[PDB]
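1. dropping in the first section of the assembly, placed as in the complex:
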Amino acid sequence: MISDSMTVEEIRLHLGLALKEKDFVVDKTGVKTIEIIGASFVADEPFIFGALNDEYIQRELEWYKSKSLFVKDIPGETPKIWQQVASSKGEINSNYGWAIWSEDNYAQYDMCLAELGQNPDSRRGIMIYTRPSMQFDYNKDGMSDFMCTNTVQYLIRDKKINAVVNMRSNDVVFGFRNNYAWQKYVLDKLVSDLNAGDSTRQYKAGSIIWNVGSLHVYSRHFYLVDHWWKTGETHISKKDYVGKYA
């Protein structure tokens, strides 16, 4: 039994209610947010609010395939957000290709693939992204990057592979869209690798379940929530939005 969770549509609704309520909490940067504490839902759409950007996602995936911990190695011009959280030397913590494909984080992908190839029913098929020393590593050399993804667990049931994603913190607009594309790519690769190992397995991709301690919208994206609250459209250009949260 997979848990019958909220869907992306219902998360949209609860965010709209928080905004209507004026239930604000002060970000570390001083900015207001709206927040769901302890959120859990099935990721049945590839975005919550906003639009897709295959070009950027493909650049972030090439960076993950390189496993580099330096933001300059992102193909093309590196985004400003990555520059602002990096150390004095351009270093970060959150390269998810490093987290799952590097020997330095204990070969999470290959060990999860070996565990499930040996025991398809296991509860120990997991890729652990964060680490206890994060209590001190988050601000090494002046960076500001406390890992947001804690763990991802994989469970094979009825010839489908399901993923359970646990995050400390996730931005609804950019974070969720990029992080979802990545989790789906990893899931499909794992399915294909298991199938090439044994042509009788015939596995397929299953569901992705999303769990978050603080799932939040920054006040700079309140307009998307408000517009969806009024119209049902999940995207509008900032230039075209008319409404209070300009």
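-> Looks like it arrived, so ask away. Residues are numbered from 1 along each chain as shown, chains lettered A, B, ... in the order given.

2. buried sites along stretch A:167-183?
-> A:167, A:170-183 (16 or more other C-beta atoms under 10 Å). Where C-beta positions appear, they are placed from N, C-alpha and C, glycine not excepted.

3. same question, stretch A:131-146
-> By neighbour count on 16+ other C-beta under 10 Å, the buried set for stretch A:131-146 is A:143, A:145, A:146.

4. in space, what's closest to the last one - neighbours in sequence excluded?
-> For residue A:146, ignoring the flanking residues on the chain, the nearest one in space by C-beta to C-beta, 6 or more residues apart in numbering is residue A:138 at 3.7 Å.

5. ok, now residue A:34?
-> residue A:18 (4.2 Å).

6. what's around the one you found, how many residues?
-> Residues lying near residue A:18 (other C-beta atoms under 10 Å) number 18.

7. so what's residue A:211 up against?
-> A:39, A:40, A:164, A:165, A:166, A:167 (C-beta atoms under 8 Å, 6 or more residues apart in numbering).

8. so who does the second one touch?
-> Just to be clear, that refers to residue A:40. A:3, A:5, A:6, A:209, A:210, A:211, A:212.

9. mind putting those residues in CSV, secondary structure included?
-> Listed next are these as CSV, based on DSSP: H, G, I helix; E, B strand; the rest coil:
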residue, secondary structure
A:3, coil
A:5, coil
A:6, strand
A:209, strand
A:210, strand
A:211, strand
A:212, strand
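
10. out of those, which comes closest to residue A:52?
-> For these, the closest approach to residue A:52 (C-beta to C-beta) belongs to residue A:210, at 17.4 Å.

11. just checking, the closest one touches residue A:43?
-> Yes: Residue A:210 is within contact range of residue A:43, at 4.9 Å (criterion: C-beta atoms under 8 Å).

12. circling back: tell me the one among the buried residues of stretch A:167-183 nearest to residue A:123.
-> For these, the nearest to residue A:123 is residue A:183 (19.2 Å; C-beta to C-beta).

13. gap between that closest one and residue A:173?
-> Distance, residue A:183 to residue A:173, by C-beta to C-beta, to the nearest Å: 17 Å.

14. chain B comes next; put it on the structure above:
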Amino acid sequence: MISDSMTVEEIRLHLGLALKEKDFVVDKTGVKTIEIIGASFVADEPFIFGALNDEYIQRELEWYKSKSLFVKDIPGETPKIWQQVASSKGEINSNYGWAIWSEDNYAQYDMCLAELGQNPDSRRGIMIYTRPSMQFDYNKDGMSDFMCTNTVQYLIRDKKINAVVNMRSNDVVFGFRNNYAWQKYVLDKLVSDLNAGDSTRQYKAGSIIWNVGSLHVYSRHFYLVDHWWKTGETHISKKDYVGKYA
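-> Take a look at chain B, now in place beside the chains above:
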């Protein structure tokens, strides 16, 4: 906004449905289980099925206060389960007092207390129990102890301190009852320590939210589920149970 989750009562219901359905999955030990994948609920009662045992809980808490990684240091006679998962030398991984009070796991309690004493609104107040090297450490010296608790996050909102518990795996009957008593003790201590630091804070304990990749019942406890399914009583002695799952 805390997420409006299932309660313990509703978890009881879904477990009863899995049992009725005969939706079984094979444990590593060969035994059948029933399972909810990706479960998330508020812990508003101190047990799901079964009875309380303050004596045993108090012994496990004294062991946690000692921080010892050896099962013999549990006060009095050490339980058989702890003996069966221990290494050739009596060693385990899962002492939660070690995980949060030892310098060797990077002082999780003291660093979370310092983070929240400095910024009550933070999203980085977390105690990280597991670690990436668990892909290799789970069977060190022949033990069988892949850490079950991944992380616990603390969020202070409206002068109440809420906890978000993330677990890979949890047994509904013994695991949940013992693990809940522990999480509530830590929460109350944190509240009291914050209040003694500043007599204007006046904080109080809030909600505990429980998230689990595989939340399961072993076939040896199917009787409790069945009895509750038939009668609404959350406990019965194994001697008194009449029914199929004898």
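
15. chain B added, so what about the contacts of residue A:211 now?
-> A:39, A:40, A:164, A:165, A:166, A:167, B:38, B:40, B:166, B:211 (C-beta atoms under 8 Å, 6 or more residues apart in numbering or on different chains).

16. and residue A:37, that one's in a helix?
-> No: assessed with three-state DSSP, residue A:37 is strand; it does not lie in a helix.

17. that one: neighbouring residues, count only.
-> Neighbour count for residue A:37, taken as other C-beta atoms under 10 Å in any protein chain shown: 22.

18. the helices in chain A, which residues?
-> A:8-21, A:54-66, A:80-85, A:96-101, A:108-118, A:134-137, A:174-197, A:222-231 (DSSP state H).

19. returning to that earlier point: which of the contacts of residue A:211 count as buried?
-> A:39, A:40, A:164, A:165, A:166, A:167, B:38, B:40, B:166, B:211 (16 or more other C-beta atoms under 10 Å in any protein chain shown).

20. mind putting the residues you listed into a markdown table with distance to residue B:11?
-> Formatted as a markdown table, the buried ones among the contacts of residue A:211 follow (distance: C-beta to C-beta, whole Å):
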| residue | distance to residue B:11 |
| --- | --- |
| A:39 | 18 |
| A:40 | 13 |
| A:164 | 16 |
| A:165 | 21 |
| A:166 | 19 |
| A:167 | 22 |
| B:38 | 13 |
| B:40 | 10 |
| B:166 | 16 |
| B:211 | 12 |
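
21. closest one of these to residue A:232?
-> Closest to residue A:232, out of all of those and judged by C-beta to C-beta, is residue A:39, at 21.5 Å.

22. find the nearest non-adjacent residue to that closest one, please.
-> In space, not counting the residues next to it along the chain, residue A:39 is nearest to residue A:215; the distance is 4.2 Å by C-beta to C-beta, 6 or more residues apart in numbering or on different chains.

23. thought the one you found was touching residue A:172?
-> Yes: under the criterion of C-beta under 8 Å, residue A:215 makes contact with residue A:172 at 6.3 Å.

24. centroid-wise, who is the farthest residue in chain A?
-> residue A:200 (32.1 Å; C-alpha atoms, centre = their mean).

25. need phi/psi at that one.
-> Backbone torsions for residue A:200, taken as degrees, to the nearest 10, come to phi -90, psi -20.
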